[PDB]
């Protein structure tokens, strides 16, 4: 050194352009045409928004989709004359726009539009007006841009001044066939992009449950919040036109780390200083509270993270759906074995058995090509915003090609070995001997990833998409996929009579008793004497066990060629003080055969069916018209439920609202009437939840038809 003074900007000549909200001031000066006014034909009934499928947003600015032409008109001081005039529209985004970064976009006047390029074609010249058909690149950056008109002269460039009224959002475009996010099915487009109401699947594989969720991607403020989310990630504006990077970054913002992303994750069941995850009714109040407070919102769990992320994708224009995997091996570290340790007597060792499978776990799928991959891997891409340990740390996983997962090609980014293990792991039943050695007893290859579902395109029904992640157990394709996976990230760390045991557990209403029966088939011609053990645990929906509420031992003598069934009754009083939110229960039935020391082992989950909220309506059901909605909850339980928060939602019918009733005494009903004034017409939906100081994960809804 040897100095000229003042701090220098030596790392880069221009600061990162990583915020849509920030802006520069473009010079208005850098006889000649002069712009007197601009018309974007942006009313929601007009051609541009209707043809660009953007008429739903509650937003009065123009919003179009990339890769597709839209119409503008510029009025000038005198008629435009091609013999001496040169002008172009410009679109500009961020504080440091640059043409080579895609963030300063001069749109050239062309004779004909070209596939793939930005261009504006003069389709009409009338008096002093010119009408343009403007096409954007199908790879354009997605965000809110500033529009300008520039007039080129001999002395330099004159430009219009800043005008917020012409700010134009450009979004991804599932209808545009050259856009990465091209989805060639109108019906799929409506469901995965334009439907603002979802269903989540929960409960357990043998007692599926179904709750409704407001994505609300068209509601006021939501689109702007999705841009804000990217700004808070400091996402480079130049990567916001890549649906892969968009999904990679935005998903990383869903779970809050410190005081940085959108939702604080918590499964502690009490939720002191926030709002239970179970209470949420959709993404709207969460996203708006994030943007409003500028801090993480408390609190979420996997379906909440998935609800919000699904809103983010849909709103920006990437087709997205929520998936529910039944028996989910999360926190896998890419191992394909989950260990259950037994004692020598055949009891579960609860000291060692510490890995749990989730009764269900939700994540996201986002549709896009994968031009970075060998051909064949585009389509749905699994993205799970609920973090687990991957190659980098405790983070989100994905985007991972579902097809690549299905084929074992888990070397292709991102985090595919982790999502592969989430649905393909085996249960391994291991005896931990009293000398400290370990012996493998048998392996259960059919429990994890048993069924995988998502909402149907038609209606509220369940679609089964198990076969999209995995081939059929037993056949060549499934074997080829495991063999490949084991080469590229999947691990199997442990290397891997005539008695069948199973068991069935009755589904019941919360507070009711239920039956369980155990069944033995001895096909052999020999006699067996078995000691079988029943262990029945309160658990979170994650599988995490809180308490053994019921233990039992059966002594069985098996005759040759026999079938033997054994029945027991669990009373309500054996679990009723003890249940966690979601009310799930987990059963082990494990048995050692005395003659052979063979292990038979089986597990099953159950949830108690919890009470629904009743919703009803009267009055006329008309956009711009008052209807009255009644929210009804009848406590059927003998505690007095305390601080009973009730939440009402339904996109286009009401914003999200909540009410608390200080207590609901045994068997009483509360009611809460709200006058709503729908703003969206057609088949809509009122949505409610309740959480009290104890009892929660209570839902209700009502379908309503709205006229206008």
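Residue numbers count along the first chain shown, from 1.
Unmodelled stretch separating residue 446 from residue 447: none (count of deposited-sequence residues without coordinates). Deposited sequence between residue 30 and residue 31: 10 or more residues lack coordinates. Taking the mean C-alpha B-factor of each stretch as recorded, 309-317 and 465-473 are not equal, and the higher mean is that of 465-473. Look at the C-alpha B-factors of 76-84 and of 382-390. On average they run higher in 76-84. The entry lists C-alpha B-factors for 198, 216, 398, 636, and the highest of these is at 636. Going by the entry's values, 578 shows the largest Cα B-factor out of 163, 578, 328, 584. Among all modelled residues in this chain, the alpha-carbon of residue 121 has a temperature factor (C-alpha) in the middle third. When the modelled residues of the chain are ordered by their C-alpha B factor, residue 41 lands in the lowest third. The entry lists a Cα temperature factor for residue 11 that places it in the lowest third of the chain's modelled residues. Among the modelled residues of the chain, residue 695 sits in the highest third by CA temperature factor in this PDB entry. Residue-level temperature factors show residue 682 in the highest third of its chain, judged at the C-alpha atom.
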